[PDB]
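Novice:
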Ligand code: HEM
Ligand code: HEM
Ligand SMILES: O=C(CCCCCn1ccnc1)N[C@@H](Cc1ccccc1)C(=O)O
Ligand SMILES: O=C(CCCCCn1ccnc1)N[C@@H](Cc1ccccc1)C(=O)O
Ligand SMILES: Cc1ccc(O)cc1
Ligand SMILES: Cc1ccc(O)cc1
Ligand SMILES: Cc1ccc(O)cc1
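Residue numbers (PDB author numbering), protein chains in the order written: chain A, 3 to 190, 193 to 455; chain B, 3 to 190, 193 to 455.
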């Protein structure tokens, strides 16, 4: 009945707890101390952090809870607008874009994206093939180069050419800096000091809008039909409204897609590789599978589908460190959560996914151990125990994309290189709105298998 | 390229090889002579027995091979119908029952079964506590009493009261005799000599149907809810189709669960205790773990989960003598196995699990030794090297049930008794469709620890 709540800071309530480099890990530690649910209060903001599958399975009841825009998502909405990830379910653009875009994110659509993913994955492999002896790989950096490029190419037939760059593309510079500002506002009063941050945020928004609007305009002017999200958005009609997305919503979708693919997915790859190199038996098993399945110089889609163990590795990395580590819900009506936490309509819930995923009640005592075999049989996973991609109709639309990309790339990585955690890397999880293993570096020794 | 095949008997091809009381062990011996794959042909039947992890890891690829009903299972289907174990994957009832029953077989459902499992386990312990000096235990017999009672009680809140009986329950008489008939049909086929076997087989099918249908009817008449499989099947709706199991399929599930819970699971316990008394250091280590963990008169669910070594003991017993020793696959499409055995769509494979489990390339030279420590790390076990519970979505739904039951009981056995292999029992594996150490007897000297 009485809900735990972490330490408060007077009028700031719990808000300063989020004034940390790693708010998600701080929230995890709080959930470790306080259990499956705790109230988190900020000035004019109350939410309840859920950590147990028991409570989260209820929160995932879409008849009782709907996606809430967390404060983080509201700030990202300043540049992703009413894009799929930052639109309310009841907003007309959400269902509309959802209906229009769902087919181009299907498992079937991955067949069409596969060749472009391979293109970038090959650049990644070639990059690593081309390292000198005892040069290392900056994993999240290269994974991000890969994932950004992949979504650039698959989504908008645009080549960020991240493997040809140290300095990020002007769109990314703004996106990252807009994200950094969005995150920083969470930790933050809006004293005059932030006028530079505010101007910069608006400049970055204008930058992203301008570049993405140009890409949309450029495509419309060409008429060039490609196998990409932009083409599908320019032509797709929502069966329900019969309408296409307007160009502004397309822009927000593109920004959203770049945001999702640019970091969130690379985090999965980085964590996966981190866990692989920390768990040599797992790596060996994933590498065996990579070697057994990826028998052609270029993986086919079907071969990627056969990378079962690689997929388990990915799920197990998603279990430990889901890179979009939280999502937010609101009670559609007065309701009682877990039979003992009465919620009023509009009350907010935060699903603290890494805690969910450490629910010992679901996963057993060994929750911190990296064991892809937990995912050997996907039906052994209870409902709503494993929610790296969120929940229900507001679940990650890019799930199949992210997983296909990640499986392909990790499969190729495992095919082509032995990996050395030559620094005995100490997991240091950097938090933006997503998670990455900061400074994670490996050496890759080529297995000399040509492409 | 050319696939070995054991000796043939003219028109009967290999069929007479199965006309032996130990066909699995005979198939293992053939696999020892012929290696990882051999064609096994009967009139109008061809299958390929796989014995190497190299090939079985391919066989376990669900995008290439689906569960096949072996001839044994097809004969078992005559009384287990489209129960989960004898339904084809494409059978509406398989997915439906699978979706419906999966939660009642999860690790979380074991928590709710645990008390009834303890109930039977305590009856087992008390039976042994109550033996007179120099009164031995008929191990498989008592394990079967335990396992059958356990599935009767957790499965349908029915007390077979097997520890009160010399004479098996009429359901069991018919089930055992139907099993023996199914197996005999393999070794056999339409000659008049077997017409009494048919009448008996149908009488036994009728008995099982009637008795189980009455259990279903009585439950539906009662309205009473138990924390049991029958209740879940009467009330559960497949999330996918929204449909419940019908009463006939529930009957097939019950019979299947009873068959699974009778002899298959007791075989595990019997083999485990066999190996334990044959490997006294292992027994001592398992016994040390039971004493350290089972600190209460009655094991809790959590304590059974802490019986890690006992779990390994069970896995190692499953490695050597998987009590469901084979499963059958068919090629969903034309495919090449192991890069050198072309298979046409619909070609059948038998996974000879005990031979798989002896793959020295996986387990090392000492494959015959009982070393539960081989199971210390699942990640260290190559993919599909260890398949005592079958594979993929058609894997044993009762796996967690069996293991929890077996761990609980074995832990308690190890807690409560010292065991003497007082006859220096010579392993003699009786084959029905499952394997048991026939005549395996031990003496148990109580450690006099109360319950
Ligand atoms: C491993 C990578 C990813 C993870 C772990 C992940 C996770 C998630 C999560 C947890 C949600 C729900 C967020 C919420 O409820 O507030 C979500 C939604 C979404 N994701 Fe991802 N995501 C990933 C990759 C991607 C990619 C690659 C794309 C597309 C380029 C994408 C696009 C989306 C979109 C558009 C939504 C909003 C869906 C809707 O509400 O209609 N994501 N994602
Ligand atoms: C140590 C004991 C057990 C072992 C070694 C075992 C083994 C297996 C194997 C090897 C399969 C796959 C068979 C095939 O592919 O044709 C299977 C399936 C099955 N088992 Fe078990 N089993 C055991 C105990 C149990 C128990 C206690 C139950 C439930 C009471 C159970 C119920 C089933 C069912 C219903 C299936 C069919 C699953 C499906 O295909 O959807 N088993 N088992
Ligand atoms: O971590 C979060 C949400 C994380 C966003 C995930 C971003 N994503 C979504 C889809 N792919 C990535 N935290 C809370 C923190 C807070 C609580 C109370 C008051 C102020 C802030 C919030 O934003 O509301
Ligand atoms: O051992 C077997 C079947 C395996 C029994 C497993 C029973 N189980 C499964 C899950 N829980 C118990 N062998 C072959 C024998 C055969 C080959 C060719 C022609 C005729 C017969 C078969 O039945 O097809
Ligand atoms: C897809 C894309 C390409 C360029 C750019 O500047 C923005 C978005
Ligand atoms: C960082 C981030 C934020 C939102 C989103 O949908 C993806 C990534
Ligand atoms: C499953 C069952 C239970 C009782 C009985 O009499 C027959 C069958």
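For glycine and all other residues, C-beta sits at the position ideal for the given N, C-alpha and C.
#1: Is the closest heavy atom of ligand 5 to the C-beta of residue 58/A under 7 Å?
#2: Please decide whether residue 447/B counts as near chain A, where near means a Cβ-Cβ distance under 8 Å.
#3: Reducing DSSP to helix, strand and coil, say where residue 98/A ends up.
#4: Please report whether the beta-carbon of residue 381/B lies at a distance below 8 Å from any beta-carbon of chain A.
#5: For a test of your reading of the model: does the CB of residue 438/A fall under 7 Å from any non-hydrogen atom of ligand 6? Yes or no.
#6: With residue 39/A as the anchor, note down where its beta strand (DSSP E) starts and where it stops.
#7: Determine the burial state of residue 166/A: buried for a count of at least 16 other Cβ atoms within 10 Å of its Cβ, exposed for fewer.
#8: Measure the Cβ-Cβ separation of residue 392/B and residue 326/B and say whether it is below 8 Å.
#9: Quick one: give me the first and last residue of the beta strand (DSSP E) that residue 47/A is part of.
#10: From which residue to which residue does the alpha helix (DSSP H) around residue 274/B run?
#11: Give the straight-line distance between the Cα atoms of residue 120/A and residue 304/A, rounded to the nearest whole angstrom.
#12: Mind checking the segment 285-307 of chain A against chain B and listing, in chain order, the residues whose C-beta falls within less than 8 Å of any C-beta there?
#13: Please list, in chain order, the chain B residues whose beta carbon lies closer than 7 Å to that of residue 310/A.
#14: Quick check on residue 140/A: does DSSP put it in helix, strand or coil?
#15: Just checking: is the beta-carbon of residue 256/A within a distance shorter than 8 Å of some beta-carbon in chain B?
#16: Apart from the five residues on each side of it in sequence, which residues of its chain come closer than 6 Å, Cβ to Cβ, to residue 323/A?
#17: Kindly list, in the order they appear in chain A, the residues whose Cβ is closer than 7 Å to that of residue 399/B.
#18: Quick one: residues in its chain with C-beta nearer than 6 Å to the C-beta of residue 184/A, no 5 flanking neighbours on either side, listed in chain order?
#19: State yes or no: is the C-beta of residue 238/B nearer than 7 Å to some heavy atom of ligand 7?
#20: List the residues of chain B whose Cβ lies closer than 9 Å to the Cβ of residue 43/A, in chain order.
#21: Figure out for me which residue from 96/A, 285/A, 319/A has the closest Cα to the Cα of residue 244/A.
#22: Using a Cβ cut-off of 9 Å, pull out every chain A residue sitting near residue 386/B, in sequence order please.
#23: Is the CB of residue 104/B under 8 Å away from at least one CB in chain A?
#24: Can you tell me which of the three DSSP states residue 441/B falls into?
#25: How would you list, in chain order, the residues of chain A whose beta-carbon sits under 8 Å from the beta-carbon of residue 110/B?
#26: Can you give me, in chain order, the residues of the segment 313-338 of chain A that have a beta carbon less than 9 Å from any beta carbon in chain B?
#27: According to DSSP, simplified to helix, strand and coil, what is residue 345/B?
#28: What residues of chain B sit near residue 369/A, judged by a beta carbon separation below 9 Å?
#29: If residue 156/A and residue 232/A are in contact, beta carbons under 8 Å, what's the gap, nearest whole angstrom?
#30: Which ranges would you report for the beta strand (DSSP E) in the segment 361-417 of chain A if only whole runs of at least 3 residues count?
#31: Should residue 260/A be listed as close to ligand 6, given that the test is whether its C-beta is under 7 Å from any heavy atom?
#32: For residue 191/A, which of helix, strand or coil comes out of DSSP?
#33: For the candidate residues 53/B, 430/B, 190/B, whose alpha-carbon lies nearest to that of residue 331/B?
#34: Roughly how many angstroms lie between the CA atoms of residue 11/A and residue 404/B, to the nearest whole one?
#35: Let's see if you can read the secondary structure: which residues bound the alpha helix (DSSP H) around residue 334/B?
#36: May I ask you to check if the CB of residue 216/B is nearer than 7 Å to at least one heavy atom of ligand 7?
Specialist: Taking the geometry as given:
#1: Residue numbering aside, residue 58/A sits at position 56 when the first chain is read from its first letter. No, ligand 5 has no heavy atom inside 7 Å of this Cβ.
#2: Here residue 447/B refers to the residue found at position 443 when the second chain is read from its first residue. No, no contact with chain A.
#3: In the first chain, the residue the question calls residue 98/A occupies position 96. Of the three classes helix, strand and coil, the one that applies to residue 98/A here is helix, per DSSP.
#4: As a first step, residue 381/B is located in the second chain; it is residue number 377 there, counting from the start. At a cut-off of 8 Å between C-beta atoms, residue 381/B counts as an interface residue with respect to chain A.
#5: The count along the first chain starts at 1 and reaches residue 438/A at position 434. When distances are taken from the beta-carbon of residue 438/A to the heavy atoms of ligand 6, the shortest one is below 7 Å.
#6: In the first chain, residue 39/A corresponds to position 37, counting from 1. Run containing residue 39/A: 39-44, per the beta strand (DSSP E) assignment.
#7: Here residue 166/A is taken as the residue at index 164 of the first chain, counted from 1. Exposed.
#8: Within the second chain, the letter at position 388 stands for residue 392/B. Within the second chain, the letter at position 322 stands for residue 326/B. Yes, the pair counts as a contact, with Cβ atoms nearer than the cut-off.
#9: Here residue 47/A is taken as the residue at index 45 of the first chain, counted from 1. Looking at the DSSP string, the run of the beta strand (DSSP E) that includes residue 47/A is 47-52.
#10: Along the second chain, one-based indexing puts residue 274/B at 270. 269-282 is the span of the alpha helix (DSSP H), which, as asked, contains residue 274/B.
#11: Taking the first chain and counting its residues from 1, the one referred to as residue 120/A is at position 118. Taking the first chain and counting its residues from 1, the one referred to as residue 304/A is at position 300. Approximately 9 Å between the Cα atoms of the pair.
#12: The residues in question are 285, 286, 289, 292, 293, 296, 306.
#13: Within the first chain, the letter at position 306 stands for residue 310/A. In chain order: 63, 65.
#14: Reading the first chain from its first residue, position 138 is the one you call residue 140/A. Per DSSP, reduced to three states, the secondary structure at residue 140/A is strand.
#15: As a working note, residue 256/A is residue 252 in the first chain. Not one chain B Cβ lies under 8 Å of residue 256/A.
#16: Within the first chain, the letter at position 319 stands for residue 323/A. The beta carbon of residue 323/A sits closer than 6 Å to the beta carbons of 361 from its chain, once the five residues preceding and following it are set aside; these are given in chain order.
#17: The sequence position of residue 399/B within the second chain is 395, counting from 1. Those within 7 Å of residue 399/B in chain A are 381.
#18: Working through the first chain from its first residue, we reach residue 184/A at position 182. Within the same chain, residue 184/A has close Cβ partners 77, 78.
#19: The residue given as residue 238/B occupies position 234 in the second chain. Answer for residue 238/B: no, Cβ out of range of ligand 7.
#20: In the first chain, counting from the first residue as 1, residue 43/A sits at position 41. What residue 43/A touches in chain B, judged by beta-carbon distance under 9 Å, is nothing: the nearest beta carbon there is about 32 Å away.
#21: Here residue 244/A refers to the residue found at position 240 of the first chain. When each option's Cα is compared against that of residue 244/A, the closest is 96/A.
#22: Working through the second chain from its first residue, we reach residue 386/B at position 382. Chain A residues near residue 386/B: 288, 289, 292.
#23: Counting from one through the second chain, the residue named residue 104/B turns up at place 102. With a threshold of 8 Å between beta carbons, residue 104/B makes contact with chain A.
#24: As a working note, residue 441/B is residue 437 in the second chain. In this structure, residue 441/B counts as strand in the three-state DSSP scheme.
#25: Within the second chain, residue 110/B is the residue found at index 108, counting from 1. Contact of residue 110/B with chain A by beta-carbon distance below 8 Å involves 365, 366, 386.
#26: Those would be 313, in chain order.
#27: Position 341 of the second chain holds residue 345/B. Residue state, collapsed to three classes: strand.
#28: Stepping through the first chain from its first residue, residue 369/A is reached at position 365. Result: 306, 309, 310.
#29: The residue labelled residue 156/A in the question sits at position 154 within the first chain. The residue labelled residue 232/A in the question sits at position 228 within the first chain. Indeed they touch by this definition, with Cβ atoms about 6 Å apart.
#30: Qualifying beta strand (DSSP E) stretches: none in this window.
#31: Translated into positions along the first chain, residue 260/A becomes position 256. Relative to ligand 6, residue 260/A has its C-beta within less than 7 Å of a heavy atom.
#32: Since the numbering of chain A jumps from 190 to 193, residue 191/A cannot be located in this structure.
#33: Mapped onto the second chain, residue 331/B falls at position 327. Of 53/B, 430/B, 190/B, the residue nearest in Cα terms is 53/B.
#34: Indexing the first chain from 1 puts residue 11/A at position 9. Indexing the second chain from 1 puts residue 404/B at position 400. Take the alpha-carbon of residue 11/A and the one of residue 404/B: they are about 47 Å apart.
#35: Residue 334/B sits at position 330 when you count from the first residue of the second chain. If you look at residue 334/B, you'll find it isn't in any alpha helix (DSSP H); it sits in the beta strand (DSSP E) that goes 330-335.
#36: Position 212 of the second chain, counted from the first residue, corresponds to residue 216/B. Yes, ligand 7 has a heavy atom inside 7 Å of this Cβ.
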